[PDB]
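A.B. asks: Pasting a structure here, questions to come.
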Amino acid sequence: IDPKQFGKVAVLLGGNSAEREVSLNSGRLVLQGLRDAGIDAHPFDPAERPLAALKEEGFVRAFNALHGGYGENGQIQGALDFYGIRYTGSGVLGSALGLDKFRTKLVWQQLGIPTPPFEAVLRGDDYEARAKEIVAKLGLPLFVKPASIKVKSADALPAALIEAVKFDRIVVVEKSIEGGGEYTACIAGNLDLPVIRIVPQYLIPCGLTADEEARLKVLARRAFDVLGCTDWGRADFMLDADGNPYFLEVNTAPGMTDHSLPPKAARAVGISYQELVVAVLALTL
């Protein structure tokens, strides 16, 4: 790909979210890789510059290296769509739905994409009542995940429901999957990237058979695509003790630091950092 085909590129980085510092780190490295590949790239921090400057300064496309908040929830995607600026990763629906664990899991359940069973808790519920019904119906341990804390005993759940409804009007109480591990499949166009095991480090080889890895990647890519997400991201999943997968969530704005997942997945099969960034930007052509 001739670098001049990309035109003038903005690397979106920084922003106003809690994850600002990680985004600066991603962005600085994406910018450098693009510039090393000959691409006319420039940083653009939307916490500090007005979004209209993109059109006014002739930027034709953006590599989005923002994390969290408006960088990942469809807001900046919508605003860029409106200004005619192409960008990496998922459009408005994919991004909005991808950050919404509740609706992601409803879509999955209805389309047969396996995902851990769960109950919803809503700001204003009888917290003490629900806890009782939820532990009875689902078991322990549970995870309390605000839609947009691990709980191991029944009487600890109320306090966690009270606390988690402070962060979202909708709280997903999810059954924990035991005995298999946590994994992630990085998605970057048609690049064939290996499954990574996540140890709460990132572990390659993930320790599954090549056949299992191959079928889980197809399934992962489907879990991602059915939400409207396209081109670039991750799908996280648990395996139970027999190797049955359960998808947890997707990520539509993955880290691009030197210690982030996709660079580690890429390097493991001989794809350099620079090649990864160029290929992900290439999808916007």
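Order determines the names: the first chain of the structure tokens is A, the second B, and so forth; residues in each chain are numbered 1 upward, and ligands are numbered 1 upward as they are shown.
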Find the residues around residue 156 (chain A) up to 12 Å (only C-alpha atoms counted), leave out those fewer than 5 positions away in its own chain, and share them as a ChimeraX atom specification.

C.D. replies: /A:127-128,131-132,135,140-144,149-151,161-163

A.B. asks: Just want the 8 Å neighbourhood of residue 44 (chain A), counted on only C-alpha atoms, with same-chain residues fewer than 5 positions away dropped. Output as a PyMOL selection string.

C.D. replies: chain A and resi 10-13+49

A.B. asks: Just write the chosen residues, N, CA and C atoms, as a compact mmCIF listing (two decimals), in the first residue's frame.

C.D. replies:
```
# COMPACT_ATOMS: atom_id res chain seq x y z
N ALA A 10 -5.24 11.61 11.22
CA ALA A 10 -5.22 12.03 12.61
C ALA A 10 -5.13 10.79 13.46
N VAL A 11 -4.25 10.80 14.46
CA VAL A 11 -4.30 9.82 15.50
C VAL A 11 -5.02 10.45 16.67
N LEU A 12 -6.23 9.95 16.97
CA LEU A 12 -7.03 10.42 18.08
C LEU A 12 -6.50 9.78 19.33
N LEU A 13 -6.11 10.62 20.29
CA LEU A 13 -5.48 10.13 21.54
C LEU A 13 -5.74 11.08 22.71
N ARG A 49 -8.27 20.06 21.37
CA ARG A 49 -8.51 20.70 20.06
C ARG A 49 -9.96 20.53 19.62
```

A.B. asks: For the atom pair CA of residue 196 (chain A) and CA of residue 184 (chain A), what is the interatomic distance in Å to one decimal place?

C.D. replies: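 CA of residue 184 (chain A) lies at a distance of 5.4 Å from CA of residue 196 (chain A).
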
A.B. asks: Interatomic distance between CA of residue 260 (chain A) and CA of residue 17 (chain A)?

C.D. replies: 18.2 Å

A.B. asks: Looking at only C-alpha atoms, which of A:153, A:272, A:115, A:5 is the one that sits closest to residue 61 (chain A)?

C.D. replies: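 Among the listed residues, the smallest separation from residue 61 (chain A) belongs to A:5.
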
A.B. asks: Select, from A:225, A:212, A:192, A:57, the residue with the minimum atom-to-atom distance to residue 242 (chain A), counting only C-alpha atoms.

C.D. replies: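 Counting only C-alpha atoms, the residue closest to residue 242 (chain A) is A:212.
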
A.B. asks: Name the residues of region 8-222 of chain A that come out as helix (DSSP H, G or I) in a backbone DSSP run; write them as a ChimeraX atom specification.

C.D. replies: /A:20-36,53-56,69-71,75-82,92-98,101-110,127-138,154-164,210-222

A.B. asks: Could you pull out all residues of region 20-266 of chain A with a DSSP call of strand (DSSP E or B) and give them as JSON, numbers by chain?

C.D. replies: {"A": [40, 41, 42, 43, 44, 61, 62, 63, 64, 86, 87, 118, 119, 120, 121, 122, 142, 143, 144, 145, 146, 150, 151, 170, 171, 172, 173, 174, 175, 179, 180, 181, 182, 183, 184, 185, 186, 187, 188, 196, 197, 198, 202, 203, 232, 233, 234, 235, 236, 237, 238, 239, 240, 245, 246, 247, 248, 249, 250, 251]}

A.B. asks: Could you turn the residues from that selection into a file that holds C-alpha atoms, as a PDB file, in the first residue's frame?

C.D. replies:
```
ATOM      1  CA  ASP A  40       1.298  11.701   6.857  1.00  0.00           C
ATOM      2  CA  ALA A  41       0.040  11.273  10.455  1.00  0.00           C
ATOM      3  CA  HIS A  42      -0.451  13.764  13.266  1.00  0.00           C
ATOM      4  CA  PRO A  43      -1.690  13.592  16.844  1.00  0.00           C
ATOM      5  CA  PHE A  44      -5.112  15.041  17.592  1.00  0.00           C
ATOM      6  CA  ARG A  61      -9.217   9.756   8.275  1.00  0.00           C
ATOM      7  CA  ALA A  62      -8.418   8.899  11.891  1.00  0.00           C
ATOM      8  CA  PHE A  63      -6.805   6.048  13.771  1.00  0.00           C
ATOM      9  CA  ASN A  64      -8.816   5.979  16.943  1.00  0.00           C
ATOM     10  CA  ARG A  86     -13.358   8.002   8.239  1.00  0.00           C
ATOM     11  CA  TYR A  87     -12.023   6.137  11.278  1.00  0.00           C
ATOM     12  CA  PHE A 118     -27.376 -13.608  34.447  1.00  0.00           C
ATOM     13  CA  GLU A 119     -30.042 -11.420  36.106  1.00  0.00           C
ATOM     14  CA  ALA A 120     -30.496  -7.674  35.746  1.00  0.00           C
ATOM     15  CA  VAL A 121     -30.808  -5.377  38.811  1.00  0.00           C
ATOM     16  CA  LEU A 122     -32.184  -1.833  38.387  1.00  0.00           C
ATOM     17  CA  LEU A 142     -21.294 -14.040  40.955  1.00  0.00           C
ATOM     18  CA  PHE A 143     -19.871 -10.979  39.268  1.00  0.00           C
ATOM     19  CA  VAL A 144     -21.673  -7.615  39.701  1.00  0.00           C
ATOM     20  CA  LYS A 145     -20.941  -5.612  36.512  1.00  0.00           C
ATOM     21  CA  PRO A 146     -22.373  -2.228  35.831  1.00  0.00           C
ATOM     22  CA  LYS A 150     -16.828 -10.485  42.544  1.00  0.00           C
ATOM     23  CA  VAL A 151     -19.234 -11.742  45.247  1.00  0.00           C
ATOM     24  CA  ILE A 170     -28.752  -1.159  35.100  1.00  0.00           C
ATOM     25  CA  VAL A 171     -26.589  -3.788  36.869  1.00  0.00           C
ATOM     26  CA  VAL A 172     -25.754  -7.199  35.416  1.00  0.00           C
ATOM     27  CA  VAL A 173     -25.340  -9.959  38.033  1.00  0.00           C
ATOM     28  CA  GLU A 174     -23.495 -12.705  36.202  1.00  0.00           C
ATOM     29  CA  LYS A 175     -22.720 -16.330  37.127  1.00  0.00           C
ATOM     30  CA  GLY A 179     -12.369 -24.493  35.897  1.00  0.00           C
ATOM     31  CA  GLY A 180     -11.258 -23.402  32.407  1.00  0.00           C
ATOM     32  CA  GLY A 181      -9.592 -19.978  32.215  1.00  0.00           C
ATOM     33  CA  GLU A 182     -10.204 -16.572  30.698  1.00  0.00           C
ATOM     34  CA  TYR A 183      -9.308 -15.874  27.008  1.00  0.00           C
ATOM     35  CA  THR A 184      -9.440 -13.190  24.327  1.00  0.00           C
ATOM     36  CA  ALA A 185      -9.390 -13.274  20.523  1.00  0.00           C
ATOM     37  CA  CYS A 186      -7.973 -10.144  18.882  1.00  0.00           C
ATOM     38  CA  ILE A 187      -9.682  -9.205  15.678  1.00  0.00           C
ATOM     39  CA  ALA A 188      -7.931  -7.165  12.973  1.00  0.00           C
ATOM     40  CA  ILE A 196      -4.443 -15.197  24.261  1.00  0.00           C
ATOM     41  CA  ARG A 197      -5.036 -16.488  27.764  1.00  0.00           C
ATOM     42  CA  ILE A 198      -5.459 -13.794  30.402  1.00  0.00           C
ATOM     43  CA  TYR A 202      -1.174 -12.272  28.619  1.00  0.00           C
ATOM     44  CA  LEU A 203      -0.253 -15.846  27.765  1.00  0.00           C
ATOM     45  CA  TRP A 232     -10.933  -4.101  14.887  1.00  0.00           C
ATOM     46  CA  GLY A 233     -11.365  -5.152  18.501  1.00  0.00           C
ATOM     47  CA  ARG A 234     -11.412  -8.090  20.941  1.00  0.00           C
ATOM     48  CA  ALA A 235     -13.955 -10.642  22.154  1.00  0.00           C
ATOM     49  CA  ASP A 236     -13.307 -11.947  25.660  1.00  0.00           C
ATOM     50  CA  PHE A 237     -14.560 -15.359  26.874  1.00  0.00           C
ATOM     51  CA  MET A 238     -14.352 -17.909  29.665  1.00  0.00           C
ATOM     52  CA  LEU A 239     -14.001 -21.648  29.204  1.00  0.00           C
ATOM     53  CA  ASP A 240     -15.581 -24.007  31.723  1.00  0.00           C
ATOM     54  CA  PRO A 245     -16.938 -21.198  25.866  1.00  0.00           C
ATOM     55  CA  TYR A 246     -18.947 -18.327  27.331  1.00  0.00           C
ATOM     56  CA  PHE A 247     -18.478 -14.821  25.871  1.00  0.00           C
ATOM     57  CA  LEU A 248     -18.190 -11.991  28.309  1.00  0.00           C
ATOM     58  CA  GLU A 249     -17.909  -8.824  26.277  1.00  0.00           C
ATOM     59  CA  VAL A 250     -16.267  -7.138  23.335  1.00  0.00           C
ATOM     60  CA  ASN A 251     -13.877  -4.238  23.174  1.00  0.00           C
TER      61      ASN A 251
END
```

A.B. asks: Would you pick out the contacts of residue 23 (chain A) at 7 Å or less, using only C-alpha atoms, so that residues sharing its chain but fewer than 2 positions from it are not included, and give the list as a ChimeraX atom specification?

C.D. replies: /A:13-14,19-21,25-27,65-67

A.B. asks: What gap, in Å, lies between CA of residue 3 (chain A) and CA of residue 39 (chain A)?

C.D. replies: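 These atoms are spaced 5.0 Å apart.
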
A.B. asks: Select, from A:199, A:165, A:136, A:29, the residue with the minimum atom-to-atom distance to residue 259 (chain A), counting only C-alpha atoms.

C.D. replies: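 So, comparing all the options, the nearest one is A:29.
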